[PDB]
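File shown here: input_36.pdb, holding PDB, N, CA, C and O atoms.
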```
MODEL        1
ATOM      1  N   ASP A   1       0.847  -1.203   0.000  1.00  0.00           N
ATOM      2  CA  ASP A   1       0.000   0.000   0.000  1.00  0.00           C
ATOM      3  C   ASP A   1       0.883   1.253   0.000  1.00  0.00           C
ATOM      4  O   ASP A   1       1.305   1.742  -1.044  1.00  0.00           O
ATOM      5  N   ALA A   2       1.199   1.757   1.196  1.00  0.00           N
ATOM      6  CA  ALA A   2       2.146   2.844   1.380  1.00  0.00           C
ATOM      7  C   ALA A   2       3.532   2.442   0.870  1.00  0.00           C
ATOM      8  O   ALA A   2       4.273   3.262   0.331  1.00  0.00           O
ATOM      9  N   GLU A   3       3.861   1.159   1.028  1.00  0.00           N
ATOM     10  CA  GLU A   3       5.102   0.494   0.665  1.00  0.00           C
ATOM     11  C   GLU A   3       5.223   0.323  -0.855  1.00  0.00           C
ATOM     12  O   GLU A   3       5.523  -0.762  -1.350  1.00  0.00           O
ATOM     13  N   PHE A   4       4.931   1.380  -1.603  1.00  0.00           N
ATOM     14  CA  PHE A   4       4.574   1.280  -3.007  1.00  0.00           C
ATOM     15  C   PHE A   4       5.781   0.897  -3.862  1.00  0.00           C
ATOM     16  O   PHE A   4       5.676   0.069  -4.762  1.00  0.00           O
ATOM     17  N   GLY A   5       6.941   1.485  -3.562  1.00  0.00           N
ATOM     18  CA  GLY A   5       8.202   1.137  -4.148  1.00  0.00           C
ATOM     19  C   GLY A   5       9.274   2.121  -3.701  1.00  0.00           C
ATOM     20  O   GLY A   5       8.949   3.170  -3.149  1.00  0.00           O
ATOM     21  N   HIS A   6      10.540   1.752  -3.915  1.00  0.00           N
ATOM     22  CA  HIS A   6      11.716   2.547  -3.591  1.00  0.00           C
ATOM     23  C   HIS A   6      12.438   2.909  -4.885  1.00  0.00           C
ATOM     24  O   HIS A   6      12.677   4.079  -5.169  1.00  0.00           O
ATOM     25  N   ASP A   7      12.718   1.878  -5.689  1.00  0.00           N
ATOM     26  CA  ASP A   7      12.849   1.959  -7.137  1.00  0.00           C
ATOM     27  C   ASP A   7      11.925   3.042  -7.704  1.00  0.00           C
ATOM     28  O   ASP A   7      12.340   3.945  -8.434  1.00  0.00           O
ATOM     29  N   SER A   8      10.641   2.895  -7.392  1.00  0.00           N
ATOM     30  CA  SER A   8       9.615   3.528  -8.179  1.00  0.00           C
ATOM     31  C   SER A   8       9.568   5.015  -7.920  1.00  0.00           C
ATOM     32  O   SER A   8       9.697   5.475  -6.789  1.00  0.00           O
ATOM     33  N   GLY A   9       9.338   5.764  -8.991  1.00  0.00           N
ATOM     34  CA  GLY A   9       9.266   7.201  -8.892  1.00  0.00           C
ATOM     35  C   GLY A   9      10.586   7.831  -8.491  1.00  0.00           C
ATOM     36  O   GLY A   9      10.630   8.938  -7.961  1.00  0.00           O
ATOM     37  N   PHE A  10      11.639   7.110  -8.858  1.00  0.00           N
ATOM     38  CA  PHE A  10      13.036   7.354  -8.724  1.00  0.00           C
ATOM     39  C   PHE A  10      13.445   8.650  -8.015  1.00  0.00           C
ATOM     40  O   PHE A  10      13.779   8.622  -6.831  1.00  0.00           O
ATOM     41  N   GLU A  11      13.407   9.788  -8.708  1.00  0.00           N
ATOM     42  CA  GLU A  11      13.626  11.101  -8.114  1.00  0.00           C
ATOM     43  C   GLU A  11      12.409  11.515  -7.279  1.00  0.00           C
ATOM     44  O   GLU A  11      11.743  12.497  -7.614  1.00  0.00           O
ATOM     45  N   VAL A  12      12.161  10.769  -6.192  1.00  0.00           N
ATOM     46  CA  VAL A  12      11.121  10.894  -5.171  1.00  0.00           C
ATOM     47  C   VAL A  12       9.774  11.352  -5.740  1.00  0.00           C
ATOM     48  O   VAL A  12       8.857  10.562  -5.938  1.00  0.00           O
ATOM     49  N   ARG A  13       9.673  12.638  -6.064  1.00  0.00           N
ATOM     50  CA  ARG A  13       8.602  13.255  -6.814  1.00  0.00           C
ATOM     51  C   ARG A  13       8.614  12.851  -8.297  1.00  0.00           C
ATOM     52  O   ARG A  13       8.264  13.655  -9.166  1.00  0.00           O
ATOM     53  N   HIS A  14       9.030  11.620  -8.617  1.00  0.00           N
ATOM     54  CA  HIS A  14       9.083  11.102  -9.979  1.00  0.00           C
ATOM     55  C   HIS A  14       9.900  12.001 -10.915  1.00  0.00           C
ATOM     56  O   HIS A  14       9.826  11.838 -12.127  1.00  0.00           O
ATOM     57  N   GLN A  15      10.645  12.963 -10.372  1.00  0.00           N
ATOM     58  CA  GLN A  15      11.177  14.129 -11.074  1.00  0.00           C
ATOM     59  C   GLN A  15      10.073  14.986 -11.709  1.00  0.00           C
ATOM     60  O   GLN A  15       9.905  16.152 -11.349  1.00  0.00           O
ATOM     61  N   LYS A  16       9.313  14.447 -12.664  1.00  0.00           N
ATOM     62  CA  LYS A  16       8.390  15.247 -13.460  1.00  0.00           C
ATOM     63  C   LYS A  16       7.346  15.993 -12.629  1.00  0.00           C
ATOM     64  O   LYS A  16       6.727  16.906 -13.159  1.00  0.00           O
ATOM     65  N   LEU A  17       7.162  15.664 -11.344  1.00  0.00           N
ATOM     66  CA  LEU A  17       6.283  16.408 -10.461  1.00  0.00           C
ATOM     67  C   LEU A  17       7.011  17.605  -9.855  1.00  0.00           C
ATOM     68  O   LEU A  17       6.511  18.722  -9.964  1.00  0.00           O
ATOM     69  N   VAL A  18       8.196  17.401  -9.259  1.00  0.00           N
ATOM     70  CA  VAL A  18       9.014  18.513  -8.766  1.00  0.00           C
ATOM     71  C   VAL A  18       9.315  19.491  -9.885  1.00  0.00           C
ATOM     72  O   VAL A  18       9.523  20.673  -9.645  1.00  0.00           O
ATOM     73  N   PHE A  19       9.298  18.981 -11.114  1.00  0.00           N
ATOM     74  CA  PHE A  19       9.285  19.857 -12.264  1.00  0.00           C
ATOM     75  C   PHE A  19       7.862  20.394 -12.436  1.00  0.00           C
ATOM     76  O   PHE A  19       7.545  21.497 -12.007  1.00  0.00           O
ATOM     77  N   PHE A  20       6.989  19.615 -13.072  1.00  0.00           N
ATOM     78  CA  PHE A  20       5.742  20.124 -13.627  1.00  0.00           C
ATOM     79  C   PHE A  20       4.800  20.724 -12.601  1.00  0.00           C
ATOM     80  O   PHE A  20       4.239  21.793 -12.820  1.00  0.00           O
ATOM     81  N   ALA A  21       4.579  20.028 -11.488  1.00  0.00           N
ATOM     82  CA  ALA A  21       3.654  20.537 -10.493  1.00  0.00           C
ATOM     83  C   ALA A  21       4.161  21.874  -9.970  1.00  0.00           C
ATOM     84  O   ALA A  21       3.375  22.749  -9.611  1.00  0.00           O
ATOM     85  N   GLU A  22       5.485  22.034  -9.970  1.00  0.00           N
ATOM     86  CA  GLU A  22       6.116  23.246  -9.482  1.00  0.00           C
ATOM     87  C   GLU A  22       6.151  24.306 -10.594  1.00  0.00           C
ATOM     88  O   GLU A  22       6.053  25.497 -10.314  1.00  0.00           O
ATOM     89  N   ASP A  23       6.202  23.870 -11.860  1.00  0.00           N
ATOM     90  CA  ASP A  23       6.034  24.733 -13.021  1.00  0.00           C
ATOM     91  C   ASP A  23       4.664  25.399 -12.976  1.00  0.00           C
ATOM     92  O   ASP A  23       4.547  26.624 -12.939  1.00  0.00           O
ATOM     93  N   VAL A  24       3.618  24.571 -12.937  1.00  0.00           N
ATOM     94  CA  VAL A  24       2.258  25.075 -12.909  1.00  0.00           C
ATOM     95  C   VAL A  24       1.986  25.787 -11.583  1.00  0.00           C
ATOM     96  O   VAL A  24       1.223  26.756 -11.556  1.00  0.00           O
ATOM     97  N   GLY A  25       2.636  25.328 -10.503  1.00  0.00           N
ATOM     98  CA  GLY A  25       2.667  25.945  -9.180  1.00  0.00           C
ATOM     99  C   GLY A  25       3.402  27.289  -9.180  1.00  0.00           C
ATOM    100  O   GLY A  25       4.320  27.536  -8.402  1.00  0.00           O
ATOM    101  N   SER A  26       2.927  28.192 -10.030  1.00  0.00           N
ATOM    102  CA  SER A  26       3.421  29.526 -10.283  1.00  0.00           C
ATOM    103  C   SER A  26       3.148  30.463  -9.108  1.00  0.00           C
ATOM    104  O   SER A  26       3.811  31.492  -8.996  1.00  0.00           O
ATOM    105  N   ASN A  27       2.197  30.073  -8.252  1.00  0.00           N
ATOM    106  CA  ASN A  27       2.063  30.291  -6.826  1.00  0.00           C
ATOM    107  C   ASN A  27       3.134  31.070  -6.068  1.00  0.00           C
ATOM    108  O   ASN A  27       3.255  32.289  -6.189  1.00  0.00           O
ATOM    109  N   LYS A  28       3.961  30.307  -5.342  1.00  0.00           N
ATOM    110  CA  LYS A  28       5.105  30.704  -4.564  1.00  0.00           C
ATOM    111  C   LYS A  28       4.750  30.517  -3.091  1.00  0.00           C
ATOM    112  O   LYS A  28       3.956  29.586  -2.829  1.00  0.00           O
TER     113      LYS A  28
ENDMDL
END
```
What would the structure in this file look like if it were written as structure tokens?
Amino acid sequence: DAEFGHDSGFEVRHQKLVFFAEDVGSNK
């Protein structure tokens, strides 16, 4: 469940989230 993977989503935030979610997160 929570133990979803360690391998998985490699750069913790899958990389593309720390990128994209933070891109669209124009917020601050």
What is the atom C of residue 5 of chain A to atom C of residue 24 of chain A distance in Å? 26.0 Å
Take atom CA of residue 10 of chain A and atom CA of residue 26 of chain A and report the distance between them in Å, one decimal.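 Separation of atom CA of residue 10 of chain A and atom CA of residue 26 of chain A: 24.2 Å.
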As an mmCIF file with N, CA, C and O atoms, in the frame of the given file, please: every residue in chain A that DSSP puts in helix (DSSP H, G or I).
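Once everything was written out, this is states07.cif:
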```cif
data_model
loop_
_atom_site.group_PDB
_atom_site.id
_atom_site.type_symbol
_atom_site.label_atom_id
_atom_site.label_comp_id
_atom_site.auth_asym_id
_atom_site.auth_seq_id
_atom_site.Cartn_x
_atom_site.Cartn_y
_atom_site.Cartn_z
ATOM 1 N N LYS A 16 9.313 14.447 -12.664
ATOM 2 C CA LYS A 16 8.390 15.247 -13.460
ATOM 3 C C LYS A 16 7.346 15.993 -12.629
ATOM 4 O O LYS A 16 6.727 16.906 -13.159
ATOM 5 N N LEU A 17 7.162 15.664 -11.344
ATOM 6 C CA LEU A 17 6.283 16.408 -10.461
ATOM 7 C C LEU A 17 7.011 17.605 -9.855
ATOM 8 O O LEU A 17 6.511 18.722 -9.964
ATOM 9 N N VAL A 18 8.196 17.401 -9.259
ATOM 10 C CA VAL A 18 9.014 18.513 -8.766
ATOM 11 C C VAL A 18 9.315 19.491 -9.885
ATOM 12 O O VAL A 18 9.523 20.673 -9.645
ATOM 13 N N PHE A 19 9.298 18.981 -11.114
ATOM 14 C CA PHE A 19 9.285 19.857 -12.264
ATOM 15 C C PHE A 19 7.862 20.394 -12.436
ATOM 16 O O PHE A 19 7.545 21.497 -12.007
ATOM 17 N N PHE A 20 6.989 19.615 -13.072
ATOM 18 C CA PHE A 20 5.742 20.124 -13.627
ATOM 19 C C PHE A 20 4.800 20.724 -12.601
ATOM 20 O O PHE A 20 4.239 21.793 -12.820
ATOM 21 N N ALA A 21 4.579 20.028 -11.488
ATOM 22 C CA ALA A 21 3.654 20.537 -10.493
ATOM 23 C C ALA A 21 4.161 21.874 -9.970
ATOM 24 O O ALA A 21 3.375 22.749 -9.611
ATOM 25 N N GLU A 22 5.485 22.034 -9.970
ATOM 26 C CA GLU A 22 6.116 23.246 -9.482
ATOM 27 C C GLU A 22 6.151 24.306 -10.594
ATOM 28 O O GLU A 22 6.053 25.497 -10.314
ATOM 29 N N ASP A 23 6.202 23.870 -11.860
ATOM 30 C CA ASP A 23 6.034 24.733 -13.021
ATOM 31 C C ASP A 23 4.664 25.399 -12.976
ATOM 32 O O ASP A 23 4.547 26.624 -12.939
ATOM 33 N N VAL A 24 3.618 24.571 -12.937
ATOM 34 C CA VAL A 24 2.258 25.075 -12.909
ATOM 35 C C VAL A 24 1.986 25.787 -11.583
ATOM 36 O O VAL A 24 1.223 26.756 -11.556
#
```
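Atom pair atom C of residue 20 of chain A / atom C of residue 8 of chain A has a distance of 17.1 Å (rounded to one decimal).
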